[PDB]
Structures are given as structure tokens and as C-alpha cells.
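Okay, structure first, notes after.
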Amino acid sequence: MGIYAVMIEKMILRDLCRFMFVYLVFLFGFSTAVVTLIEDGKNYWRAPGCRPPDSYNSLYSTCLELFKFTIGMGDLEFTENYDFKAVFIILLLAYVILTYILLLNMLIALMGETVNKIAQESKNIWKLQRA
Amino acid sequence: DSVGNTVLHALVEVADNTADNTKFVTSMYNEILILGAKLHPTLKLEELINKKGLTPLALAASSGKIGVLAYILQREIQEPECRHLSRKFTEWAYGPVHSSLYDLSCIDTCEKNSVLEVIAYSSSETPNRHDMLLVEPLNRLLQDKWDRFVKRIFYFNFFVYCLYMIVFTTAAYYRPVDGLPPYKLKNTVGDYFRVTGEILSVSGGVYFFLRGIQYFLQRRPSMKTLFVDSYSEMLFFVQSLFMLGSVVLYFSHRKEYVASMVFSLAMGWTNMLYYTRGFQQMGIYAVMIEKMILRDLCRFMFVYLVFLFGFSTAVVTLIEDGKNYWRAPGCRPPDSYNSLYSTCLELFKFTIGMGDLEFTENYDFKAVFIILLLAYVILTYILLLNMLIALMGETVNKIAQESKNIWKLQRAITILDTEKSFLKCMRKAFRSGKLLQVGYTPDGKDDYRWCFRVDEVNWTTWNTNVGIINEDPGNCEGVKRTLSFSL
Amino acid sequence: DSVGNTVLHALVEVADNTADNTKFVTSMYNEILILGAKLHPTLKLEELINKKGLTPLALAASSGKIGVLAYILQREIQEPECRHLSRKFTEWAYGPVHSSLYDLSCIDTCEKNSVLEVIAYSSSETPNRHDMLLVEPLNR
Ligand SMILES: CCCCCCCC/C=C/CCCCCCCC(=O)O[C@@H](COC(=O)CCCCCCCCCCCCCCC)COP(=O)([O-])OCC[N+](C)(C)C
Ligand SMILES: CCCCCCCC/C=C/CCCCCCCC(=O)O[C@@H](COC(=O)CCCCCCCCCCCCCCC)COP(=O)([O-])OCC[N+](C)(C)C
Ligand SMILES: CCCCCCCC/C=C/CCCCCCCC(=O)O[C@@H](COC(=O)CCCCCCCCCCCCCCC)COP(=O)([O-])OCC[N+](C)(C)C
Ligand SMILES: CCCCCCCC/C=C/CCCCCCCC(=O)O[C@@H](COC(=O)CCCCCCCCCCCCCCC)COP(=O)([O-])OCC[N+](C)(C)C
Ligand SMILES: CCCCCCCC/C=C\CCCCCCCC(=O)O[C@@H](COC(=O)CCCCCCCCCCCCCCC)COP(=O)([O-])OCC[N+](C)(C)C
Ligand SMILES: CCCCCCCC/C=C\CCCCCCCC(=O)O[C@@H](COC(=O)CCCCCCCCCCCCCCC)COP(=O)([O-])OCC[N+](C)(C)C
Ligand SMILES: CCCCCCCC/C=C\CCCCCCCC(=O)O[C@@H](COC(=O)CCCCCCCCCCCCCCC)COP(=O)([O-])OCC[N+](C)(C)C
Ligand SMILES: [Cl-]
Ligand code: NA
């Protein structure tokens with residue numbers, strides 16, 4: 001168990017820090033482009049599909065709605081208050097491909113390499129932690 | 001010959017980097033230099049160019065001849081009257097520690113066909129580009145060109161580009177919404193800052209445009225396969241096309257300016273992954289991101305989109321119109337799913353983790369609808385996504401050394417492109433050569449060659465060398481030459 | 001010297017853990033102890049400290065000199081009149097099985113610069129911290 005938590009440390013510092021920089025660059029990058037698309041209500045009207053009648057016009061709401069694609073709860077039709085439905089989906093599809101398909105599955109592969117290379121080192125860091 | 005190749009050029013174009021071919025070619029390259037000094041010493045054989053203007057060292061860098069390149073840059077010739085042909089010297093040796101000097105005659109960017117510039121600006125058809133910067137002069141030359149006068153320029157370029165994107169975010173977040181895209185300047189302090197952020201946004205879009213034009217035309221005459229070589233300069237140029245295309249759609253009374261400003265905004269933060277080079281563990285990470293897009297995501301998104309468009313065609317063919325014109329609103333999408341776009345969108349949600357699996361009821365034959373969905377989830381979600389993680393697992397193991405070398409080439413292009421920006425910095429870009437004396441020429445004159453200094457140590461070979469430049473060790477702004485020189 | 005390093009301290013700060021450097025430094029560290037016993041045996045050379053208060057064994061642990069550390073803790077000297085300089089002894093040997101004794105003079109936490117305390121409380125700029133506890137006294 002102690003070797004296991006030394007490996008947890010070496011995943012936070014080596015693989016999760018390199019992930020959460022490039023992830024938050026992609027998350028804040030595409031969510032900026034989604035808020036810039038979407039306007040206010042402008043039709044003041046729509047059937048409540050799950051009922052969030054919402055001003056998604058905040059940057060915080062869209063960064064929260066693009067984080068849900070990473071979990072597995074990404075709505076992909078989370079608002080309709082925009083124009084140009086084509087460039088809204090092209091933003092979301094380029095986000096899911098870059099982050100969910102590419103960047104998460106790459107994190108699992110890069111955690112796969114690190115386990116192979118710290119398999120002896122994490123035993124020795126643990127013996128220093130016990131010492 | 002008719003090509004212009006002399007004897008030393010022909011030894012370069014013969015060698016093909018294998019272990020047996022490197023062994024005698026660099027042995028024959030030595031013996032002809034030694035004969036070239038003994039027969040008539042007034043002629044420097046390596047200054048002779050062919051009809052492409054290449055020296056024999058620049059020819060080894062222009063092609064992928066790494067073994068000839070590793071020999072010339074590290075050439076030590078022990079024989080007196082031939083010591084001046086050496087490109088590696090030692091200036092002192094105090095017991096275990098000795099200080100090596102690598103000559104920087106045609107390399108170090110001050111010349112025209114400098115092999116540091118020739119390697120980094122190659123056209124990717126030449127082999128061993130990533131490995132030619134690992135020879136012992138060229139690695140420490142770029143690293144000490146990085147550690148001073150470049151990393152402060154590169155961190156400044158990464159500071160302005162973050163300040164460029166924060167301005168272009170805020171100018172686009174607070175865009176006007178009232179009407180047609182020529183918007184009147186209301187006399188408020190907010191709309192003054194808003195149009196200030198838009199002028200700074202377009203002026204950056206003009207800048208990355210003009211930086212891309214000078215890459216295409218002025219510097220670096222690019223081939224058609226070189227546009228699929230340099231992915232970064234395309235990505236900054238395509239960003240400036242969406243930014244300048246936004247301005248064209250802005251004044252043309254078209255609301256499609258926001259459709260192009262948004263593509264410049266999402267691609268603009270995606271191009272923040274350019275500047276993550278220069279940080280070593282982050283720069284290797286983004287080279288691996290490149291090799292996952294090109295090698296593993298391209299092979300995935302072909303077979304994925306074949307499976308996605310394949311099963312979604314079979315689902316639309318099943319489902320009809322409403323035909324019952326009735327059902328309780330489970331999440332309330334009462335919808336015509338009879339579009340092909342809606343079903344391709346509903347089968348994409350299985351890949352995310354939001355696949356409904358009962359997304360419509362407007363069909364017949366409920367059995368063959370679920371058998372389509374279950375064969376889709378098994379082929380794509382269970383098989384093809386989990387296989388992508390395994391194939392990304394293999395690629396990481398095989399590019400673990402390669403991505404470190406591609407990064408050092410990515411940093412090397414940054415170091416050379418920084419030096420091209422200033423003619424004043426080129427006189428600062430003499431990398432520590434100090435105009436050092438490395439012995440005497442034939443006719444007995446001072447040699448005075450720009451030499452990069454490398455400290456070394458050996459605990460088995462104690463270096464009682466014939467040619468050692470300084471008799472006093474170290475460097476303390478006080479020099480003393482050795483009397484062991486024939487001249 | 002001005003640093004306070006004696007001859008055995010200087011052999012520590014010379015060694016840089018490579019395979020060739022470890023080989024003769026621990027060979028030279030032996031021959032000076034053997035000469036240090038034959039010339040005048042009343043002086044214990046490893047008790048001499050520099051101006052940082054480090055012994056030659058504590059200096060090998062304070063820096064990352066694992067090959068000097070692996071030698072001193074396992075030092076067997078076969079020559080009589082120099083057997084007392086050994087840090088590894090055997091107390092009995094019955095056929096195949098023999099029982100080794102590792103001396104714990106400055107190590108085992110009772111002293112001030114105990115090398116078990118020096119290794120574990122290092123400042124992470126020193127190399128081989130995780131590997132210095134794998135030498136045969138310090139692991140067991
Ligand atoms: C918001 C959610 C965050 C979740 C994760 C945050 C968790 C806490 C993060 C805290 C801050 C990160 C620093 C870690 C601890 C500092 C000590 C150190 O030396 O660093 C590491 C160096 O390891 C590396 O050099 C490889 C990774 C590069 C650093 C990534 C920085 C990107 C942003 C990061 C921030 C991301 C978010 C910010 C986005 C803008 C420790 O590794 P080491 O084994 O001790 O030494 C290896 C020696 N080597 C360098 C020669 C190999
Ligand atoms: C540096 C640290 C980085 C970290 C964070 C970065 C800072 C973060 C934030 C920074 C500024 C935003 C906070 C202001 C809050 C009130 C504004 C407001 O809403 O009022 C008015 C707008 O007013 C504007 O137009 C906003 C100004 C836009 C300037 C764009 C370029 C900025 C740099 C210029 C040159 C630089 C040189 C000078 C530099 C000093 C009314 O708003 P509205 O238009 O009617 O409604 C929009 C609708 N929406 C809001 C729902 C979408
Ligand atoms: C006002 C608003 C603008 C904000 C300004 C911020 C941008 C402008 C700031 C520019 C200066 C940044 C320099 C910080 C590091 C110090 C230099 C150093 O030597 O450390 C080293 C460790 O560094 C790392 O390994 C961490 C990796 C960081 C990568 C991402 C940059 C984060 C900047 C903040 C977030 C970006 C913002 C994202 C978008 C907003 C780097 O060198 P090395 O090669 O790694 O190691 C040496 C090799 N060795 C291992 C063999 C020893
Ligand atoms: C829609 C979402 C797309 C998301 C991803 C798209 C991202 C951008 C895609 C851009 C287009 C794809 C080409 C990549 C760049 C061109 C340069 C090149 O040489 O190719 C690669 C060659 O690497 C390979 O040969 C292995 C992969 C085979 C290509 C897969 C094509 C399938 C469809 C693809 C389109 C999928 C979608 C279309 C479906 C109909 C570069 O690899 P290299 O390391 O430089 O050289 C290796 C040398 N080797 C060949 C000897 C090993
Ligand atoms: C895992 C993470 C995902 C989770 C989600 C968490 C994400 C958190 C995201 C955001 C923080 C949440 C707070 C803000 C949102 C609520 C209020 C709002 O609507 O916006 C307001 C502020 O305006 C802005 O939000 C800034 C405008 C553009 C952003 C520029 C940031 C620069 C990059 C910085 C570096 C980052 C780069 C990082 C890259 C590594 C605008 O509204 P208002 O009209 O001004 O208000 C009316 C009142 N008034 C008129 C009197 C003032
Ligand atoms: C929170 C507050 C926010 C609001 C305030 C912000 C207001 C104004 C904000 C941003 C202004 C917009 C600038 C647009 C120009 C393009 C931007 C860019 O990144 O390109 C270049 C900028 O490199 C340069 O330096 C070009 C000169 C810019 C003017 C100097 C600005 C210094 C201000 C700083 C003073 C502070 C420190 C002073 C020191 C004490 C760098 O890119 P590249 O690497 O050369 O090429 C790309 C890679 N490629 C080769 C693959 C294509
Ligand atoms: C990550 C990606 C997932 C995201 C989803 C994105 C997927 C995008 C998917 C589709 C694009 C979206 C636009 C079309 C749908 C909206 C309109 C409609 O209902 O269909 C209409 C068009 O008819 C068709 O759609 C074509 C019919 C069969 C498809 C043949 C394609 C051949 C393969 C090509 C190669 C592909 C192979 C690729 C394999 C690698 C039919 O309706 P209508 O009755 O004609 O309209 C009435 C008006 N009228 C009568 C006046 C005309
Ligand atoms: Cl309800
Ligand atoms: Na889900």
C-alpha cells in the first residue's frame with residue numbers, strides 16, 4: 001500500500017500536472033469560443049428538455065458544461081441560444097476529440113509508461129518514507 | 001566532377017550511416033586531410049564548395065550523414081604539421097579534468113551554410129534530423145544558446161501571447177450584440193476599452209499573417225510536403241486567416257464575423273501549446289500529443305467514422321416518421337429523429353458516455369434496433385475506444401526517446417528563428433568562442449578560431465596529450481601558451 | 001586544508017559514483033587506513049571531522065557518494081594489526097552458514113551526525129537518497 005501511494009504522488013507531480021495544464025488550456029480555450037457564440041435569450045418559448053431554462057452566457061457555466069464532457073455527462077446540446085448551429089457543434093466535436101478522445105486516453109497511456117519506469121524507484125522512495 | 005564534388009564531398013555522399021560504412025569513410029576522410037596537408041598545406045580542403053555551394057561539413061548536414069557529421073565536429077588529429085586540421089582541441093588537462101575546445105568555423109549561424117542552420121531548416125526528407133543535434137558540439141551549443149539571450153526572449157514571447165489571448169478573449173466575450181456588425185462607438189469607458197481590445201486583436205492577426213507570409217515566401221522556401229512538415233506555422237497562419245477573415249466579414253455587414261472570430265479564438269488558445277516547448281518535460285509532452293494525433297488519432301477517427309456513419313445509416317433506415325398522429329415525455333425530446341444528422345449525433349453520445357440507448361421509439365422491429373445499438377457499443381465503445389488507449393500505450397513506449405529528440409529540434413528552430421529577428425543579437429550570438437588561440441597554422445601564424453569550451457573528466461585515461469594549448473589550467477582572464485607547439 | 005578536509009574526506013568529495021571512480025577511491029581509502037594504522041595506530045582517522053563537523057562516513061552520506069558509503073559500511077580488512085579497522089566482521093562460520101556483524105559506531109541515531117539520520121533528512125539536492133538505504137547494513 002505504501003508503494004501504491006508513492007505512485008499516486010508520482011502521478012500527481014509527473015502526469016497529472018502535465019495533463020491539467022494542457023487540459024485547462026483546452027477547457028478555457030473552447031469554452032471561451034462557446035460563450036462568444038452564444039447570446040442572451042433574444043426570443044422574449046421552448047419545451048423544457050430536462051428544464052434548464054438558463055442564461056448560459058456566463059463563462060463559468062460553459063466551463064462547467066465543457067467539464068462534463070470529461071466526466072461523461074457532457075450534454076452536447078446544452079443550449080440553443082445561439083446562431084450558426086454548425087460552428088457550435090464543430091467546437092464541441094473538436095473539444096471532445098481533443099480532450100475526451102485524445103487527451104484523457106493519452107493520460108492513461110502516459111500513466112502506463114510511468115508505472116513501468118518507477119516500478120523500482122517507488123519501492124525505494126517508500127523505504128525512505130518509512131525511514 | 002560535373003556536380004562539383006571534390007574527394008571529400010564524394011566521401012560524404014557515399015556514406016549511408018551504417019556501422020561499417022561510417023568506420024572507413026571517416027578513416028578515409030582523415031587520411032586525405034593528412035595527405036592534403038603534407039602535399040600542399042596552403043590549401044584548406046574543407047572550404048571547397050560544390051555547385052550547390054555546400055562545404056563537405058555542410059553536405060553531411062544537408063543530407064542525413066550523421067556518422068560523417070559526428071566525426072568532423074569532433075576531429076582530433078594527433079600528428080604534428082596536421083594538428084591545425086583538428087576541430088576538437090584540449091586547452092588544459094589537470095589530472096582527471098580536462099577542458100575540450102570545439103571549433104565553430106562554419107557552424108554557429110554567422111556563416112551562410114552553417115550546419116546548425118542546415119540541420120534545423122531541413123525539409124524532413126533528409127534522415128536523422130532529430131539525431132544530428134545529439135552530436136557533442138551541437139547539443140551544448142544550442143543549450144547554452146538557450147540558457148542565455150534566448151530563454152528570456154522566448155519567455156517574453158510567451159508572455160505577450162498570453163497577453164494577446166487575454167485581450168482577444170475579453171474583446172470577444174464583450175462583443176456587441178445589438179445589430180449589424182458595423183457597431184457605433186458609444187462614448188463610454190467600456191466601449192473605448194472594447195474597441196481598443198479589438199484593434200489589438202486584429203493587429204495580432206495581421207502579425208501572425210505577416211509572420212506566416214515571411215515563412216512561406218521570404219524565408220524558408222517550402223515544398224508541398226513541407227506544409228505537412230511544419231504544423232505549428234500552419235496553425236498560427238490558419239488562426240490569422242480566421243482572424244483576418246473575421247474582419248472581412250465584419251465590414252461586409254455580415255453576422256458571420258462571430259463564426260470566424262470563434263474559430264480564431266479556439267485555435268488561438270490551442271496554439272498556446274506552441275510555447276510549451278522550451279520547458280523540457282512539457283515540450284516532450286506536446287510532441288507526444290502531436291504523435292498521438294498523427295499516428296493514433298488519425299487511424300482511430302477513420303475507423304470510428306466508418307463505424308459511426310455505418311450504424312447511423314442503419315438506424316435512420318429503420319426509424320420512420322411519427323406515424324401515430326401520444327407518449328409521455330421521458331426527458332421530453334418529442335422529435336423527428338428521421339434526420340441522418342440527429343442519429344450521427346445520438347450515436348456519438350455513446351462514445352462520450354451519454355448514449356441514450358432508447359433515444360427514439362418511432363420505429364418497428366425493436367429487436368433489430370437494439371442489435372444495431374449493441375453491435376455499435378461493442379464495436380466502438382467496448383472495442384475501439386479501449387483499443388485506442390492500448391495503441392496509445394504502445395506509441396508512448398516507442399517514441400519515449402524520439403519525442404525527446406524531436407523536442408530538441410523544436411527548441412533549435414526557436415533558437416535560430418530568434419537570432420534571425422535581430423542583426424544586433426547575431427553579434428551577441430557568438431556562443432562563447434572568445435576568439436581563442438588553438439595553436440599555430442602552417443607558416444607559423446596564430447590560429448585564432450571561435451571555440452566552444454566543454455569541460456570533461458576521465459578517471460581511467462589521464463590525458464597526457466601531445467597538443468595541449470595552455471600549460472596553466474583553467475580560465476581566469478590570464479593566459480600562457482605551451483612550448484610543445486612545433487611553431 | 002582550509003575546508004578542514006583530511007585525506008579521507010578528499011577521497012569522498014572526489015568520487016562521483018561512477019563504476020571506474022568507485023573502484024580506486026575505495027581502493028585508495030583502504031590503503032590509507034592500512035597506512036594510517038601502520039604509521040601510528042593510536043590515531044583513528046575516521047573520527048577526524050572537517051569544519052562542517054562531518055566524519056568521512058558522514059560526508060559520504062551527506063553528499064550522494066553511495067559507492068564510498070557501500071564500502072565503508074561493509075569494510076573487511078584481512079591483514080592482522082589492521083583487523084580493527086574493519087566495519088564488517090564474522091563471529092562464527094559453521095560450514096555454509098556464517099553470521100556477519102556490521103559495526104554501528106557513528107550510525108544508529110545515538111550520535112549527532114549519524115548517517116542513517118543524515119541520509120533520511122537530506123535536502124533532496126543530494127543524489128542517490130533513495131538508493132543509499134539499500135546498502136546492506138542500512139536496509140536491515
Ligand atoms: C488546477 C488543478 C491542478 C491539479 C494538479 C496540481 C497538483 C499540485 C501541483 C503543483 C504545481 C506543479 C509543480 C509540482 C510540485 C513542485 C515541485 C517540482 O519540482 O515539480 C515536479 C517536477 O516534475 C516535472 O518537472 C514534470 C512536470 C512539469 C511541471 C508541469 C507544470 C504545468 C502546470 C502545473 C499546474 C497544473 C494546473 C495549473 C494550470 C495553469 C516534481 O517532480 P519531481 O519528481 O519532484 O522532480 C523531477 C525532476 N525532473 C524535473 C528532472 C524530472
Ligand atoms: C491581467 C490578469 C489576467 C487575469 C484575468 C483577466 C481580466 C478579466 C476581465 C477584465 C475586464 C472585464 C471586467 C469588467 C467588468 C464590467 C464590464 C462590463 O460588463 O460593462 C460593459 C462592457 O464593458 C466592456 O466592454 C469590458 C471591457 C473589454 C476590454 C477588452 C480588452 C481589454 C484590454 C484593453 C487594452 C489593454 C490595456 C489596458 C490594461 C489595463 C457592459 O457589458 P455588455 O457589453 O453590455 O454585456 C456583455 C454581455 N455578457 C457580459 C453577458 C457577455
Ligand atoms: C498576466 C497574465 C499572463 C500570465 C503570465 C504567464 C505566462 C508568461 C510566463 C513566463 C515565465 C514562465 C517560467 C516559469 C518557470 C521558471 C523557469 C525555470 O527555469 O524553471 C524550469 C521548470 O519549469 C517547469 O518545468 C514548469 C513547466 C511550465 C510550462 C507552462 C508554463 C506556465 C506559466 C504560467 C501559466 C501560463 C498562462 C496560461 C494562459 C493564461 C523550466 O526549465 P525546464 O526546461 O523545465 O528544466 C530545466 C531542465 N532540467 C530538468 C534538465 C533541469
Ligand atoms: C474528423 C476528425 C479527424 C481528427 C484527426 C485529424 C487530425 C489531422 C489529420 C490530417 C489528415 C491525416 C494525415 C496526417 C498528416 C499528414 C502528414 C503525414 O505524413 O501523415 C502521417 C503519417 O503517419 C501514418 O502514415 C500513419 C497513419 C495513417 C494515416 C491515417 C489516414 C486515415 C484518415 C485520416 C483522417 C481522419 C478523419 C477522416 C475520416 C475519413 C504523419 O506521420 P509522420 O510521423 O509525420 O510520418 C511517419 C512516417 N511513416 C509513414 C513511415 C510511419
Ligand atoms: C476544472 C475547471 C472547470 C470548472 C469551471 C471553473 C472555471 C472558472 C471560470 C471563470 C471564473 C468564474 C467567475 C466569472 C463568471 C461569472 C460572472 C460572469 O458572467 O462573468 C463576468 C466577468 O467577466 C469574465 O468572466 C471575464 C471576461 C473574459 C475572461 C478573461 C480571462 C483571461 C484569462 C485568465 C487566465 C485563465 C487561463 C487558464 C488556462 C490554463 C461578466 O459579467 P458582468 O457583466 O461583468 O457582471 C455584471 C456586473 N457588473 C456589470 C456590475 C460588473
Ligand atoms: C491582464 C491584462 C491584459 C491587458 C493588457 C495587455 C495589453 C497588450 C497585450 C497584447 C498586445 C498585442 C500584441 C500582438 C502581436 C502578436 C502577439 C504575439 O504573441 O506574437 C509575438 C509577440 O512578440 C512580440 O514581442 C511582438 C511585439 C509586440 C509589442 C510589444 C508588447 C510588449 C508589452 C508587454 C509589457 C509588459 C512587460 C514590460 C517589461 C517590464 C510572439 O509570437 P512568436 O513566438 O514570435 O511567433 C509565433 C510562433 N510561430 C513562429 C510558430 C508563428
Ligand atoms: C464526430 C461526428 C459525429 C457528429 C455528427 C455529424 C455527422 C453529419 C451527417 C450528415 C450531415 C448533416 C446534414 C444532413 C442532415 C440534415 C437534413 C436531412 O434530414 O437529410 C437530408 C439530406 O439527405 C442526406 O442527409 C443524405 C442521404 C444519405 C447519406 C449519403 C451520404 C454518402 C456518404 C458520404 C461520405 C461520408 C462517409 C464518412 C465515413 C468516414 C434529407 O432531407 P430532405 O428531405 O432532402 O430535406 C427536405 C428539403 N428538400 C426536399 C427541398 C430538399
Ligand atoms: Cl416535467
Ligand atoms: Na453519463
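To be explicit about the labels: the chains of the C-alpha cells are called A, B, and onward in the order shown, and within each one the residues are counted from 1, while ligands get numbers from 1 in the order they are shown.
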
Could you list the protein, DNA and RNA residues that have any atom within 6 Å of ligand 4, counting only C-alpha atoms and all ligand atoms, and write them as a PyMOL selection string? chain B and resi 228+293-295+297-299+301-302

Quick one: write out the picked residues with N, CA, C and O atoms as an mmCIF file, in the first residue's frame?
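result.cif written:
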data_model
loop_
_atom_site.group_PDB
_atom_site.id
_atom_site.type_symbol
_atom_site.label_atom_id
_atom_site.label_comp_id
_atom_site.auth_asym_id
_atom_site.auth_seq_id
_atom_site.Cartn_x
_atom_site.Cartn_y
_atom_site.Cartn_z
ATOM 1 N N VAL B 228 3.060 19.937 -44.704
ATOM 2 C CA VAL B 228 2.690 18.887 -43.762
ATOM 3 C C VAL B 228 3.896 18.481 -42.924
ATOM 4 O O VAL B 228 3.882 17.446 -42.249
ATOM 5 N N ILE B 293 -1.916 12.513 -32.368
ATOM 6 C CA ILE B 293 -2.877 12.979 -33.360
ATOM 7 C C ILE B 293 -2.590 12.345 -34.710
ATOM 8 O O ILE B 293 -3.486 11.793 -35.352
ATOM 9 N N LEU B 294 -1.331 12.365 -35.135
ATOM 10 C CA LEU B 294 -0.968 11.923 -36.474
ATOM 11 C C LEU B 294 -0.948 10.403 -36.599
ATOM 12 O O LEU B 294 -1.305 9.857 -37.646
ATOM 13 N N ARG B 295 -0.530 9.705 -35.545
ATOM 14 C CA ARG B 295 -0.307 8.270 -35.681
ATOM 15 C C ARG B 295 -1.471 7.454 -35.131
ATOM 16 O O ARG B 295 -1.867 6.456 -35.737
ATOM 17 N N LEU B 297 -4.610 8.950 -33.567
ATOM 18 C CA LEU B 297 -5.951 9.512 -33.664
ATOM 19 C C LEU B 297 -6.437 9.517 -35.107
ATOM 20 O O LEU B 297 -7.643 9.440 -35.360
ATOM 21 N N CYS B 298 -5.517 9.601 -36.068
ATOM 22 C CA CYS B 298 -5.915 9.511 -37.470
ATOM 23 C C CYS B 298 -6.340 8.095 -37.828
ATOM 24 O O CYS B 298 -7.288 7.896 -38.594
ATOM 25 N N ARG B 299 -5.649 7.092 -37.283
ATOM 26 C CA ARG B 299 -6.053 5.714 -37.533
ATOM 27 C C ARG B 299 -7.331 5.377 -36.782
ATOM 28 O O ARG B 299 -8.085 4.489 -37.193
ATOM 29 N N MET B 301 -9.859 7.799 -36.017
ATOM 30 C CA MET B 301 -11.008 8.565 -36.494
ATOM 31 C C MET B 301 -11.376 8.225 -37.931
ATOM 32 O O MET B 301 -12.374 8.728 -38.447
ATOM 33 N N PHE B 302 -10.586 7.396 -38.608
ATOM 34 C CA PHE B 302 -11.085 6.824 -39.850
ATOM 35 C C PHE B 302 -12.015 5.660 -39.556
ATOM 36 O O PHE B 302 -13.145 5.614 -40.044
#

Starting from chain B, keep only residues with some atom at most 6 Å from an atom of chain A, counting only C-alpha atoms, and report them as a count of residues only. 12

Exercise: segment 9-12 of chain C partners within 9 Å, only C-alpha atoms, chain neighbours under 4 positions left out, as an MDAnalysis selection string: chainID C and resid 4:5 16 25:26 28:29 46 49:50 54:57 59:60 63 65 68

Export N, CA and C atoms of the chosen residues as a compact mmCIF listing (two decimals), in the first residue's frame?
# COMPACT_ATOMS: atom_id res chain seq x y z
N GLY C 4 38.98 22.01 5.95
CA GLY C 4 39.04 21.07 7.04
C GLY C 4 39.09 19.63 6.59
N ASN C 5 39.04 19.38 5.29
CA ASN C 5 39.07 18.03 4.77
C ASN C 5 40.46 17.42 4.94
N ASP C 16 32.52 10.33 -7.71
CA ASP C 16 31.24 10.74 -8.28
C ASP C 16 30.38 9.57 -8.72
N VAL C 25 38.85 4.73 -5.63
CA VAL C 25 38.67 5.56 -4.44
C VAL C 25 38.50 4.69 -3.21
N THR C 26 37.69 3.65 -3.31
CA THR C 26 37.56 2.72 -2.19
C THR C 26 38.79 1.84 -2.06
N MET C 28 41.83 3.27 -2.68
CA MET C 28 42.74 4.22 -2.05
C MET C 28 42.32 4.52 -0.62
N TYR C 29 41.01 4.46 -0.34
CA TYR C 29 40.52 4.66 1.02
C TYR C 29 40.98 3.53 1.93
N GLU C 46 39.03 8.01 10.99
CA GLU C 46 37.66 8.27 10.57
C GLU C 46 36.91 9.10 11.61
N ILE C 49 37.04 15.24 11.92
CA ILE C 49 35.96 15.99 11.29
C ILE C 49 36.54 17.19 10.56
N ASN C 50 35.80 17.66 9.56
CA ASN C 50 36.12 18.90 8.89
C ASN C 50 35.43 20.07 9.60
N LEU C 54 31.68 16.99 9.85
CA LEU C 54 31.33 15.73 9.22
C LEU C 54 32.53 14.80 9.29
N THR C 55 32.28 13.52 9.60
CA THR C 55 33.28 12.48 9.53
C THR C 55 33.37 12.02 8.07
N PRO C 56 34.38 11.21 7.68
CA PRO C 56 34.41 10.77 6.27
C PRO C 56 33.27 9.84 5.90
N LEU C 57 32.66 9.17 6.87
CA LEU C 57 31.47 8.38 6.58
C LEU C 57 30.23 9.25 6.55
N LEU C 59 30.28 12.35 5.62
CA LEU C 59 30.40 13.15 4.41
C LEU C 59 29.91 12.37 3.19
N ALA C 60 30.12 11.06 3.18
CA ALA C 60 29.65 10.24 2.07
C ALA C 60 28.14 10.10 2.08
N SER C 63 26.62 13.95 1.09
CA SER C 63 26.54 14.02 -0.36
C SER C 63 26.00 12.68 -0.86
N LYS C 65 27.45 10.10 -2.27
CA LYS C 65 28.51 9.17 -2.60
C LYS C 65 28.16 7.78 -2.10
N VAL C 68 31.21 5.00 -2.01
CA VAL C 68 32.05 5.12 -0.83
C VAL C 68 31.27 4.68 0.40

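Looking only at segment 5-100 of chain C, the set that DSSP places in strand (DSSP E) from backbone geometry is residues 88, 89, 90, 91, 92, 93, 94, 97, 98, 99 and 100 of chain C.
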
Distance in Å - atom 2 (C, counted along the ligand's line) of ligand 6 versus atom CA of residue 274 of chain B: 21.0 Å
